[PDB]
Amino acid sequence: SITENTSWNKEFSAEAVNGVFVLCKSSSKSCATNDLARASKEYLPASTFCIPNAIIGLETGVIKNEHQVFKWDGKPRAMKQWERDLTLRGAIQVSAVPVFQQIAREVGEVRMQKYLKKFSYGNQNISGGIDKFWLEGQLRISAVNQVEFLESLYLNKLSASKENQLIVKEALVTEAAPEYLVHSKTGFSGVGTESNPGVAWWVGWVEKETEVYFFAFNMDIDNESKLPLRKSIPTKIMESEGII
């Protein structure tokens, strides 16, 4: 069950953003959204794909364990913040593409396909090249599917060891406060064009007191200056709901 909450639309129109926010208290039993149609529309995951990629890297032994360091070979990478040795949390937080590309290459097509099927991850379409299907290939996932996937992770119900799920959950912590912990991951496909915009994402969950809230936000984006809206719109909505 997905229900439309029209009052959240204020945060989108105030910014002239085409987008969707999906929020589920306690479980995916019932979610609320500003837009029923867009809630189940599928988009390129971009770096939100780091979450399944890291789980699969762990499960297959490509990532040795929680303390694995991804060493920089000294060669140019697309962002300076990637040009350094990284832990799994570090590679996740800076969204270090070449680290996840090398994980994906060693996982290989057969195992990658198998795990995306086990995780019911979007259209499970990995065509477009092993080290770029989530960046520019055919893989698509909706905000609803993201929250379903995050809930499984939270409950250790994905087809992976409990240890590996716990490892990725810790690597995903982005805000710690006395009353709550936020686990989250951003994504940004690029700007495309005005007529064919990129997509930006922010997905995760908030463990607040004894409750949990799963969330997934996405928006069309054609200008990088608008990127902070992927956190501020959902954060404003979660603020007015009393969650954070």
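Start at 1 with the first residue shown and count on from there.
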Mean Cα B-factor comparison, 41-49 or 25-33, giving the higher one as deposited: 25-33
Of 234-242 and 3-11, the one with larger mean CA B-factor: 3-11
Given 189, 186, 210, 68, the residue at which the Cα B factor reaches its maximum: 210
Given 131, 151, 106, 73, the residue at which the Cα B factor reaches its maximum: 73
Relative C-alpha B-factor of residue 177, binned into the chain's lowest, middle or highest third: highest
Modelled-residue ranking by C-alpha temperature factor, third containing residue 169: middle
Within-chain third of residue 159 by Cα B-factor, per the entry: highest
Relative C-alpha B-factor of residue 61, binned into the chain's lowest, middle or highest third: middle
Position of residue 111 among the chain's modelled residues by C-alpha B-factor, lowest, middle or highest third: lowest
